[PDB]
file data.cif (mmCIF, C-alpha atoms; chains and numbers go by the auth columns)
data_input
#
loop_
_atom_site.group_PDB
_atom_site.id
_atom_site.type_symbol
_atom_site.label_atom_id
_atom_site.label_comp_id
_atom_site.label_asym_id
_atom_site.label_seq_id
_atom_site.Cartn_x
_atom_site.Cartn_y
_atom_site.Cartn_z
_atom_site.B_iso_or_equiv
_atom_site.auth_seq_id
_atom_site.auth_asym_id
ATOM 1 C CA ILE A 1 0.000 0.000 0.000 0.00 100 S
ATOM 2 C CA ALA A 2 1.296 3.445 -0.879 0.00 101 S
ATOM 3 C CA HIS A 3 1.211 5.524 2.300 0.00 102 S
ATOM 4 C CA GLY A 4 1.249 9.240 2.969 0.00 103 S
ATOM 5 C CA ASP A 5 3.593 9.471 5.941 0.00 104 S
ATOM 6 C CA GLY A 6 7.250 10.416 6.298 0.00 105 S
ATOM 7 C CA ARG A 7 8.844 6.988 6.687 0.00 106 S
ATOM 8 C CA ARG A 8 10.813 5.039 4.096 0.00 107 S
ATOM 9 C CA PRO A 9 8.363 3.903 1.381 0.00 108 S
ATOM 10 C CA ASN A 10 9.034 0.190 1.563 0.00 109 S
ATOM 11 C CA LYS A 11 9.543 -1.759 -1.641 0.00 110 S
ATOM 12 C CA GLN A 12 7.676 -4.979 -2.317 0.00 111 S
ATOM 13 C CA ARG A 13 9.312 -8.279 -1.379 0.00 112 S
ATOM 14 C CA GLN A 14 9.111 -11.404 -3.530 0.00 113 S
ATOM 15 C CA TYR A 15 9.371 -14.557 -1.431 0.00 114 S
ATOM 16 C CA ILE A 16 10.721 -17.733 -3.015 0.00 115 S
ATOM 17 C CA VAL A 17 9.359 -20.647 -0.975 0.00 116 S
ATOM 18 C CA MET A 18 11.210 -23.857 -1.832 0.00 117 S
ATOM 19 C CA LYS A 19 9.233 -27.024 -1.084 0.00 118 S
ATOM 20 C CA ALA A 20 9.961 -30.752 -1.400 0.00 119 S
ATOM 21 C CA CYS A 21 8.105 -34.019 -2.062 0.00 120 S
ATOM 22 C CA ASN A 22 7.483 -36.400 0.825 0.00 121 S
ATOM 23 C CA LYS A 23 7.801 -39.984 -0.385 0.00 122 S
ATOM 24 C CA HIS A 24 5.868 -42.903 1.065 0.00 123 S
ATOM 25 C CA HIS A 25 5.829 -46.658 0.529 0.00 124 S
ATOM 26 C CA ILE A 26 3.031 -49.192 1.099 0.00 125 S
ATOM 27 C CA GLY A 27 3.181 -52.982 0.891 0.00 126 S
ATOM 28 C CA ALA A 28 1.046 -56.019 1.754 0.00 127 S
ATOM 29 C CA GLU A 29 2.170 -59.639 1.896 0.00 128 S
ATOM 30 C CA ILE A 30 0.258 -62.519 0.318 0.00 129 S
ATOM 31 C CA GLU A 31 0.947 -66.190 0.975 0.00 130 S
ATOM 32 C CA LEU A 32 0.242 -68.832 -1.649 0.00 131 S
ATOM 33 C CA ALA A 33 0.635 -72.427 -0.503 0.00 132 S
ATOM 34 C CA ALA A 34 2.782 -74.811 -2.525 0.00 133 S
ATOM 35 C CA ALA A 35 -0.147 -77.212 -2.966 0.00 134 S
ATOM 36 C CA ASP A 36 -1.954 -74.366 -4.769 0.00 135 S
ATOM 37 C CA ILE A 37 0.768 -73.519 -7.294 0.00 136 S
ATOM 38 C CA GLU A 38 1.363 -77.217 -8.022 0.00 137 S
ATOM 39 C CA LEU A 39 -2.149 -78.037 -9.264 0.00 138 S
ATOM 40 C CA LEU A 40 -2.430 -74.750 -11.151 0.00 139 S
ATOM 41 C CA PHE A 41 -0.199 -75.890 -14.020 0.00 140 S
ATOM 42 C CA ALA A 42 -0.996 -79.598 -13.615 0.00 141 S
ATOM 43 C CA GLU A 43 -2.698 -81.414 -16.474 0.00 142 S
ATOM 44 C CA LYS A 44 -6.312 -82.298 -15.731 0.00 143 S
ATOM 45 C CA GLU A 45 -8.968 -84.406 -17.431 0.00 144 S
ATOM 46 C CA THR A 46 -11.268 -85.952 -14.817 0.00 145 S
ATOM 47 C CA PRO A 47 -14.333 -83.967 -13.645 0.00 146 S
ATOM 48 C CA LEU A 48 -12.931 -83.940 -10.097 0.00 147 S
ATOM 49 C CA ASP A 49 -9.748 -82.174 -11.237 0.00 148 S
ATOM 50 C CA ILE B 1 -39.363 34.974 15.006 0.00 100 X
ATOM 51 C CA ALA B 2 -41.256 38.169 15.776 0.00 101 X
ATOM 52 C CA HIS B 3 -42.177 38.245 19.465 0.00 102 X
ATOM 53 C CA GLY B 4 -45.003 39.760 21.466 0.00 103 X
ATOM 54 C CA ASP B 5 -43.131 40.056 24.748 0.00 104 X
ATOM 55 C CA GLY B 6 -40.657 42.706 23.668 0.00 105 X
ATOM 56 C CA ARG B 7 -36.999 42.330 24.556 0.00 106 X
ATOM 57 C CA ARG B 8 -35.581 43.850 21.342 0.00 107 X
ATOM 58 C CA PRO B 9 -36.352 42.722 17.781 0.00 108 X
ATOM 59 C CA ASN B 10 -33.903 40.666 15.779 0.00 109 X
ATOM 60 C CA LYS B 11 -32.515 42.047 12.531 0.00 110 X
ATOM 61 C CA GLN B 12 -31.628 40.005 9.471 0.00 111 X
ATOM 62 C CA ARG B 13 -28.584 37.807 10.040 0.00 112 X
ATOM 63 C CA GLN B 14 -26.268 35.958 7.675 0.00 113 X
ATOM 64 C CA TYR B 15 -23.096 33.908 7.890 0.00 114 X
ATOM 65 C CA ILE B 16 -20.222 33.384 5.469 0.00 115 X
ATOM 66 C CA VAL B 17 -18.390 30.128 6.126 0.00 116 X
ATOM 67 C CA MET B 18 -14.932 29.408 4.719 0.00 117 X
ATOM 68 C CA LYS B 19 -13.858 25.951 3.581 0.00 118 X
ATOM 69 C CA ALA B 20 -10.682 24.658 1.972 0.00 119 X
ATOM 70 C CA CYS B 21 -9.092 21.675 0.228 0.00 120 X
ATOM 71 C CA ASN B 22 -6.723 19.331 2.022 0.00 121 X
ATOM 72 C CA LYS B 23 -4.117 17.977 -0.392 0.00 122 X
ATOM 73 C CA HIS B 24 -2.322 14.648 -0.043 0.00 123 X
ATOM 74 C CA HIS B 25 0.740 12.935 -1.489 0.00 124 X
ATOM 75 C CA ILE B 26 1.273 9.236 -2.183 0.00 125 X
ATOM 76 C CA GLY B 27 4.336 7.144 -3.044 0.00 126 X
ATOM 77 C CA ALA B 28 5.305 3.504 -3.526 0.00 127 X
ATOM 78 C CA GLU B 29 8.697 2.292 -4.712 0.00 128 X
ATOM 79 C CA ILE B 30 9.405 -0.107 -7.576 0.00 129 X
ATOM 80 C CA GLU B 31 12.772 -1.853 -7.536 0.00 130 X
ATOM 81 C CA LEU B 32 14.315 -3.292 -10.681 0.00 131 X
ATOM 82 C CA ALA B 33 17.224 -5.714 -10.869 0.00 132 X
ATOM 83 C CA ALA B 34 20.278 -4.258 -12.601 0.00 133 X
ATOM 84 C CA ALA B 35 21.033 -7.646 -14.156 0.00 134 X
ATOM 85 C CA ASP B 36 17.484 -7.796 -15.532 0.00 135 X
ATOM 86 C CA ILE B 37 17.712 -4.334 -17.118 0.00 136 X
ATOM 87 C CA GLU B 38 21.063 -5.090 -18.773 0.00 137 X
ATOM 88 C CA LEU B 39 19.856 -7.954 -20.983 0.00 138 X
ATOM 89 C CA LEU B 40 16.693 -6.207 -22.172 0.00 139 X
ATOM 90 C CA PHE B 41 17.812 -3.737 -24.827 0.00 140 X
ATOM 91 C CA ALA B 42 20.332 -5.856 -26.759 0.00 141 X
ATOM 92 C CA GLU B 43 19.194 -7.945 -29.714 0.00 142 X
ATOM 93 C CA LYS B 44 18.561 -11.671 -29.356 0.00 143 X
ATOM 94 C CA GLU B 45 20.446 -13.712 -31.963 0.00 144 X
ATOM 95 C CA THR B 46 20.425 -17.262 -30.549 0.00 145 X
ATOM 96 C CA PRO B 47 17.717 -19.742 -29.438 0.00 146 X
ATOM 97 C CA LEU B 48 18.781 -19.240 -25.789 0.00 147 X
ATOM 98 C CA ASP B 49 17.960 -15.510 -25.667 0.00 148 X
#
call {"tool": "encode", "arguments": {"input": "data.cif", "output": "C-alpha cells"}}
result
Amino acid sequence: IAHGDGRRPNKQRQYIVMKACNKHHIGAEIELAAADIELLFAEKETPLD
Amino acid sequence: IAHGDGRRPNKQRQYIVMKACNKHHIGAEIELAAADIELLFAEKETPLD
C-alpha cells in the first residue's frame, strides 16, 4: 500500500518458498501355498480335477 | 421569530463560512534488478535468448 507518511516507502518483497516431495511406501504380503501352485499348471482331465 | 413580549427585535442575520481543500501525497517504490535491465535492450540472436 502506498502511504502518505514520512517513513521510508518500503519496496515490495518477492518470497521464493522452496518445497519438497514427501515420499511414502506401502506394501502387503500374500501367501500362496505350494499345494496351490502345483495343481495350477498340472494337467487335468477328470471332472474332479 | 417576531415576538409579542418585547426584549428587542432581531434584525436580518447571515453567515459566510470558509472551507478549503486538504491535499495529499502518495508514493510507492518499484525496484528493478540491474542484471534484468542489462539484458533487455540488446538484440537476441540465438535460441537461448
call {"tool": "interface_residues", "arguments": {"input": "data.cif", "of": "chain X", "to": "chain S", "cutoff": "10 Å", "atoms": "only C-alpha atoms", "output": "VMD selection string"}}
result
chain X and resid 123 to 130
call {"tool": "calpha_fit_rmsd", "arguments": {"input": "data.cif", "fixed": "chain X", "moving": "chain S"}}
result
1.5 Å
call {"tool": "atom_distance", "arguments": {"input": "data.cif", "atom1": "CA of residue 133 (chain S)", "atom2": "CA of residue 148 (chain S)"}}
result
16.9 Å
call {"tool": "axis_aligned_box", "arguments": {"input": "data.cif", "around": "region 111-123 of chain S", "padding_each_side": "8 Å", "output": "AutoDock Vina command-line options"}}
result
--center_x 8.5 --center_y -23.9 --center_z -1.2 --size_x 21.3 --size_y 53.9 --size_z 20.6
call {"tool": "atom_distance", "arguments": {"input": "data.cif", "atom1": "CA of residue 135 (chain X)", "atom2": "CA of residue 117 (chain S)"}}
result
22.0 Å
call {"tool": "atom_distance", "arguments": {"input": "data.cif", "atom1": "CA of residue 134 (chain X)", "atom2": "CA of residue 147 (chain X)"}}
result
16.6 Å
